[PDB]
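The file input.cif contains mmCIF, C-alpha atoms:
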data_my_file
loop_
_atom_site.label_atom_id
_atom_site.label_comp_id
_atom_site.auth_asym_id
_atom_site.auth_seq_id
_atom_site.Cartn_x
_atom_site.Cartn_y
_atom_site.Cartn_z
CA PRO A 99 8.94 43.97 80.54
CA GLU A 100 10.21 45.96 77.54
CA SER A 101 11.96 43.01 75.91
CA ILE A 102 12.51 44.95 72.66
CA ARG A 103 16.10 45.69 73.71
CA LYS A 104 17.17 42.03 73.80
CA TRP A 105 14.82 41.37 70.86
CA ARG A 106 16.96 43.68 68.73
CA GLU A 107 20.38 42.96 70.24
CA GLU A 108 20.35 39.15 70.10
CA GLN A 109 19.02 39.14 66.53
CA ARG A 110 21.60 41.73 65.45
CA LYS A 111 24.44 39.69 66.98
CA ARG A 112 23.17 36.50 65.34
CA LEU A 113 22.95 38.25 61.97
CA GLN A 114 26.46 39.69 62.37
CA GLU A 115 27.79 36.21 63.15
CA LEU A 116 25.95 34.62 60.22
CA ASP A 117 27.23 37.30 57.83
CA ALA A 118 30.82 36.65 58.92
CA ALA A 119 30.30 32.89 58.55
CA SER A 120 28.89 33.38 55.05
CA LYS A 121 31.80 35.65 54.09
CA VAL A 122 34.29 33.04 55.33
CA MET A 123 32.48 30.32 53.36
CA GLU A 124 32.51 32.48 50.22
CA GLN A 125 36.24 33.19 50.64
CA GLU A 126 36.93 29.47 51.06
CA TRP A 127 34.88 28.69 47.94
CA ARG A 128 36.80 31.36 46.00
CA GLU A 129 40.10 29.86 47.17
CA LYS A 130 38.93 26.41 46.07
CA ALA A 131 37.91 27.80 42.67
CA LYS A 132 41.33 29.43 42.30
CA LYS A 133 43.04 26.15 43.24
CA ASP A 134 40.95 24.31 40.64
CA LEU A 135 41.84 26.92 38.02
CA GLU A 136 45.55 26.59 38.84
CA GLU A 137 45.28 22.79 38.64
CA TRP A 138 43.53 22.99 35.25
CA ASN A 139 45.94 25.54 33.74
CA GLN A 140 48.94 23.36 34.63
CA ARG A 141 47.38 20.34 32.92
CA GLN A 142 46.49 22.50 29.90
CA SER A 143 50.10 23.69 29.65
CA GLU A 144 51.36 20.11 29.99
CA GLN A 145 49.01 19.00 27.20
CA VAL A 146 50.18 21.88 24.99
CA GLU A 147 53.80 20.87 25.59
CA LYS A 148 53.01 17.22 24.82
CA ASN A 149 51.30 18.26 21.57
CA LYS A 150 54.32 20.41 20.65
CA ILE A 151 56.65 17.46 21.32
CA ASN A 152 54.45 15.16 19.22
CA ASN A 153 54.42 17.66 16.35
CA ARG A 154 58.20 18.03 16.58
CA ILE A 155 58.88 14.28 16.58
CA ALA A 156 56.51 13.82 13.63
CA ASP A 157 59.25 14.64 11.10
CA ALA B 1385 20.35 29.65 49.40
CA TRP B 1386 22.27 28.30 46.38
CA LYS B 1387 21.50 24.95 44.75
CA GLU B 1388 22.65 23.44 41.47
CA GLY B 1389 19.37 21.97 40.24
CA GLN B 1390 17.11 24.82 41.35
CA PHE B 1391 19.37 27.38 39.67
CA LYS B 1392 19.71 25.28 36.52
CA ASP B 1393 15.91 25.11 36.33
CA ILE B 1394 15.14 28.77 37.11
CA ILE B 1395 17.88 30.20 34.88
CA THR B 1396 15.76 29.52 31.79
CA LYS B 1397 12.53 31.06 33.14
CA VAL B 1398 13.94 34.54 33.86
CA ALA B 1399 13.01 37.66 31.89
CA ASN B 1400 16.04 39.96 32.25
CA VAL B 1401 18.70 38.45 29.99
CA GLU B 1402 21.37 40.72 31.50
CA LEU B 1403 21.46 38.53 34.63
CA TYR B 1404 23.16 35.79 32.59
CA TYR B 1405 26.45 37.70 32.53
CA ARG B 1406 26.33 38.33 36.28
CA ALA B 1407 25.56 34.65 36.91
CA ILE B 1408 28.50 33.64 34.71
CA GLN B 1409 30.79 36.03 36.61
CA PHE B 1410 29.62 34.75 40.00
CA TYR B 1411 30.08 31.15 38.87
CA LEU B 1412 33.59 31.85 37.56
CA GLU B 1413 34.26 33.35 41.00
CA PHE B 1414 32.78 30.29 42.76
CA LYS B 1415 32.26 27.27 40.44
CA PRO B 1416 34.18 27.63 37.16
CA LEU B 1417 33.50 23.99 36.23
CA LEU B 1418 29.76 24.60 35.82
CA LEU B 1419 30.33 27.39 33.27
CA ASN B 1420 30.16 24.96 30.34
CA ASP B 1421 27.06 23.28 31.79
CA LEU B 1422 25.35 26.67 32.12
CA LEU B 1423 26.38 27.76 28.62
CA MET B 1424 25.03 24.52 27.14
CA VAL B 1425 21.49 25.48 28.15
CA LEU B 1426 21.85 29.28 27.98
CA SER B 1427 23.28 29.25 24.44
CA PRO B 1428 19.99 30.19 22.66
CA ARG B 1429 19.02 33.04 25.01
CA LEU B 1430 22.54 34.49 25.33
CA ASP B 1431 24.69 36.47 22.92
CA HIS B 1432 27.86 34.75 21.74
CA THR B 1433 29.88 37.92 21.12
CA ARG B 1434 29.75 39.42 24.62
CA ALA B 1435 30.47 36.01 26.16
CA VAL B 1436 33.69 35.44 24.21
CA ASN B 1437 34.61 39.10 24.75
CA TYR B 1438 34.36 38.69 28.53
CA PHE B 1439 36.22 35.37 28.31
CA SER B 1440 39.07 37.03 26.41
CA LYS B 1441 39.05 39.91 28.91
CA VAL B 1442 39.41 37.52 31.87
CA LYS B 1443 41.71 35.25 29.81
CA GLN B 1444 39.54 32.12 29.98
CA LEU B 1445 39.24 31.15 26.32
CA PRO B 1446 40.48 27.50 26.46
CA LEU B 1447 38.28 26.87 29.51
CA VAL B 1448 35.16 27.03 27.30
CA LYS B 1449 36.71 25.24 24.31
CA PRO B 1450 34.31 22.23 24.33
CA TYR B 1451 31.38 24.67 24.35
CA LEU B 1452 32.59 26.32 21.13
CA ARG B 1453 32.28 22.98 19.31
CA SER B 1454 28.47 23.08 19.66
CA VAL B 1455 28.01 26.60 18.23
CA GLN B 1456 29.91 26.38 14.92
CA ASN B 1457 26.58 25.99 13.11
CA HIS C 1021 7.51 37.67 9.61
CA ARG C 1022 4.20 39.55 9.20
CA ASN C 1023 5.00 42.91 10.85
CA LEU C 1024 7.49 41.03 13.06
CA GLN C 1025 10.79 42.07 11.44
CA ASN C 1026 10.66 45.68 12.65
CA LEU C 1027 9.78 44.44 16.15
CA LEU C 1028 13.22 42.77 16.32
CA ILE C 1029 15.51 44.37 13.72
CA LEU C 1030 14.30 47.98 13.80
CA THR C 1031 14.02 47.92 17.59
CA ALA C 1032 17.62 46.71 17.78
CA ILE C 1033 18.75 49.44 15.38
CA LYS C 1034 17.32 52.03 17.78
CA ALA C 1035 19.73 50.72 20.44
CA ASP C 1036 22.87 50.61 18.23
CA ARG C 1037 24.37 47.54 19.90
CA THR C 1038 26.07 44.32 18.81
CA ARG C 1039 22.80 42.40 19.27
CA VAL C 1040 21.91 43.17 15.64
CA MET C 1041 24.54 40.70 14.39
CA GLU C 1042 23.14 37.93 16.59
CA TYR C 1043 19.59 38.77 15.49
CA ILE C 1044 20.65 38.54 11.84
CA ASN C 1045 22.46 35.25 12.48
CA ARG C 1046 19.41 33.83 14.30
CA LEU C 1047 16.34 35.22 12.51
CA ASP C 1048 15.17 33.39 9.38
CA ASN C 1049 12.43 33.84 6.77
CA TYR C 1050 12.78 37.63 6.71
CA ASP C 1051 13.11 40.40 4.12
CA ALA C 1052 16.72 41.23 3.28
CA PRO C 1053 16.41 44.39 1.11
CA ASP C 1054 13.96 46.09 3.49
CA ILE C 1055 16.17 45.76 6.58
CA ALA C 1056 19.20 46.53 4.41
CA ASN C 1057 17.71 49.86 3.32
CA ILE C 1058 16.61 50.54 6.91
CA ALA C 1059 20.18 50.02 8.11
CA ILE C 1060 21.59 52.15 5.27
CA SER C 1061 19.21 54.93 6.32
CA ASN C 1062 20.71 54.71 9.82
CA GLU C 1063 24.32 55.16 10.94
CA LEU C 1064 25.02 51.40 11.00
CA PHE C 1065 26.35 50.33 7.59
CA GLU C 1066 28.31 47.18 8.47
CA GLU C 1067 25.06 45.29 9.05
CA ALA C 1068 23.83 46.11 5.55
CA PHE C 1069 27.23 45.03 4.20
CA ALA C 1070 26.93 41.69 5.99
CA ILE C 1071 23.37 41.26 4.70
CA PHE C 1072 24.47 41.95 1.12
CA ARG C 1073 27.37 39.52 1.58
CA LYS C 1074 25.01 36.80 2.84
CA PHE C 1075 22.84 37.13 -0.28
#

Would you mind writing the structure in this file as structure tokens?
Amino acid sequence: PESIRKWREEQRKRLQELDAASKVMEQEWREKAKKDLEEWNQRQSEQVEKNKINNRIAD
Amino acid sequence: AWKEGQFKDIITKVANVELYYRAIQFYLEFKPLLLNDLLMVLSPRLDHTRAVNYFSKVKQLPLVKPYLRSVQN
Amino acid sequence: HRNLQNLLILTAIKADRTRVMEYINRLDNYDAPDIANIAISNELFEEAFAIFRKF
């Protein structure tokens, strides 16, 4: 019945959908990593400021 | 296709040591928290100069501060 | 270190990369003056300086 046409088309569409899904998942993971980095840098800056205050109040 | 345990086990059995830098970059892009865990086991088979050079390039020196305490020897 | 120093130090000198410093800082039970003279014969002199400073 020459099913090679659908054989190629359905698989190509499924692969194109899976690639887009994987790209969206990777972008979401990158955004989560950036949010974690921003959350860690703020705490690091707060700790640096607390250490500076403790060194100032030492004298 | 990614998994924490499988990658942590197969990272030590590779031949090409240049893949360590690419893995570190991809982790920093995806999972920056596991960078210290990866460096703890990759420390023998990885250069310490290029790692800190890349960390200073991307401005991530204090992120690996606890790792530097185990390489002072 | 029986015929094993050139397999790591001399092979790294042929590449002229920063891996020589790590190899010096990691390899033990080697011959210092031999690799020092080998480095002096090449274009890399800072490695021989570091070796002479270590000993």

Could you pull the residues within 10 Å of stretch 1394-1410 of chain B, counting only C-alpha atoms, minus those fewer than 4 positions along the same chain, as a PDB file with C-alpha atoms, in the coordinates of the input?
ATOM      1  CA  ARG A 128      36.800  31.360  46.000  1.00  0.00           C
TER       2      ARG A 128
ATOM      3  CA  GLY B1389      19.370  21.970  40.240  1.00  0.00           C
ATOM      4  CA  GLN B1390      17.110  24.820  41.350  1.00  0.00           C
ATOM      5  CA  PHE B1414      32.780  30.290  42.760  1.00  0.00           C
ATOM      6  CA  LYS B1415      32.260  27.270  40.440  1.00  0.00           C
ATOM      7  CA  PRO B1416      34.180  27.630  37.160  1.00  0.00           C
ATOM      8  CA  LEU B1418      29.760  24.600  35.820  1.00  0.00           C
ATOM      9  CA  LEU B1419      30.330  27.390  33.270  1.00  0.00           C
ATOM     10  CA  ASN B1420      30.160  24.960  30.340  1.00  0.00           C
ATOM     11  CA  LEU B1422      25.350  26.670  32.120  1.00  0.00           C
ATOM     12  CA  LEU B1423      26.380  27.760  28.620  1.00  0.00           C
ATOM     13  CA  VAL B1425      21.490  25.480  28.150  1.00  0.00           C
ATOM     14  CA  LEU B1426      21.850  29.280  27.980  1.00  0.00           C
ATOM     15  CA  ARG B1429      19.020  33.040  25.010  1.00  0.00           C
ATOM     16  CA  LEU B1430      22.540  34.490  25.330  1.00  0.00           C
ATOM     17  CA  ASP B1431      24.690  36.470  22.920  1.00  0.00           C
ATOM     18  CA  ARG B1434      29.750  39.420  24.620  1.00  0.00           C
ATOM     19  CA  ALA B1435      30.470  36.010  26.160  1.00  0.00           C
ATOM     20  CA  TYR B1438      34.360  38.690  28.530  1.00  0.00           C
ATOM     21  CA  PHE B1439      36.220  35.370  28.310  1.00  0.00           C
ATOM     22  CA  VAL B1442      39.410  37.520  31.870  1.00  0.00           C
TER      23      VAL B1442
END

Report task. Identify which of the residues C:1049, C:1037, C:1062, C:1069 lies closest to chain B, counting all atoms listed in the file when measuring atom-to-atom distances. Result -> C:1037

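If all atoms listed in the file are the atoms counted, then among B:1443, B:1387, B:1453, B:1392 the closest residue to residue A:139 is B:1443.
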
Query raised in the report: Applied to the shown file, which residues does the PyMOL selection byres ((chain C and resi 1026-1032) around 12) return, written as number ranges by chain?
Result: C: 1021-1025, 1033-1048, 1050-1052, 1054-1062, 1064, 1067-1068

Query raised in the report: In Å, with one decimal, what is the gap from atom CA of residue B:1411 to atom CA of residue B:1386?
Result: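 Interatomic distance, atom CA of residue B:1411 to atom CA of residue B:1386: 11.2 Å.
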
Query raised in the report: In Å, how far is it from atom CA of residue C:1075 to atom CA of residue B:1437?
Result: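 Distance reported for this atom pair: 27.7 Å.
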
Requested in this report: Quote the spacing between atom CA of residue B:1433 and atom CA of residue B:1413 in Å to one decimal place.
Outcome: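 A separation of 20.9 Å between them.
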
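Selected on chain A by distance to chain B: residues 124, 127, 128, 129, 130, 131, 132, 134, 135, 138, 139 and 142 of chain A (within 9 Å, counting all atoms listed in the file).
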
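If all atoms listed in the file are the atoms counted, then among B:1448, B:1441, B:1454, B:1428 the closest residue to chain C is B:1428.
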